[PDB]
2 protein chains.
Amino acid sequence: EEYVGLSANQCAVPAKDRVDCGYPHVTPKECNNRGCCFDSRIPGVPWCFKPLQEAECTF
Amino acid sequence: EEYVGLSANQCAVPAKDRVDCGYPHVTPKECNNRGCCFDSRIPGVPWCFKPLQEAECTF
């Protein structure tokens, strides 16, 4: 029931709680296509993780 | 909602409720590894989608 840190907001985490998708094709069109979320906001963190992938992932 | 209609059992869709991951490496090891679900049941259906991917997708 603790589906918050992995719900619609995780993709907005403080950039330091993701699973760093670590995709070699990370991109603002590939990650979201691979099942990850592209940050870009913080280049010091993973710009490709599995935050609120629920978008169309869990679907 | 109770992530169920999009979780377990979902990956067992009737073969016409997926989002056709449309992966270039669709396989029962790559998709389920990339964040998709490999069917193989029907060749006319997507043997790679995002059913109950929530497993290690949403996370």
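If you check the header, you'll see the entry was determined by solution NMR.

Chain A goes by Trefoil factor 3 in the PDB entry, where it is assigned to Homo sapiens. The record lists its title as "Solution structure of the disulphide-linked dimer of human intestinal trefoil factor (TFF3)".

Enquirer: Explain the UniProt feature "disulfide bond" in chain A here, please?
Expert: Residues and elements named next belong to chain A. In this model the annotated disulfide between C11 and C37 is intact, with an S-S distance of 2.0 Å against a 2.5 Å threshold. Separated by 26 residues along the polypeptide, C11 in the segment before α1 (31-34) and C37 in the segment after α1 bring together distant segments of the chain. A relative accessible area of 22% means that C11 is categorised as partly exposed. Formation of the UniProt disulfide linking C21 with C36 is confirmed by an inter-sulfur distance of 2.0 Å, under the 2.5 Å limit. Taken together, the positions of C21 in the segment before α1 and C36 in the segment after α1 put the pair 15 residues apart, joining distant regions of the chain. In terms of burial, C21 and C36 fall into one category: buried.

About the thresholds
Residues numbered from 1 in each chain as written, not as in the entry; some residues may be left out. Chains lettered and ligands numbered in written order. Heavy atoms only, no water. Disulfide = S-S within 2.5 Å. UniProt positions renumbered as here; feature names shortened; annotations may be inferred. Helix = DSSP H or I, 4+ residues; strand = E, 2+ residues; numbered from the N terminus. Buried < 20%, exposed > 50% of the residue type's maximum accessible area, 1.4 Å probe, protein only.

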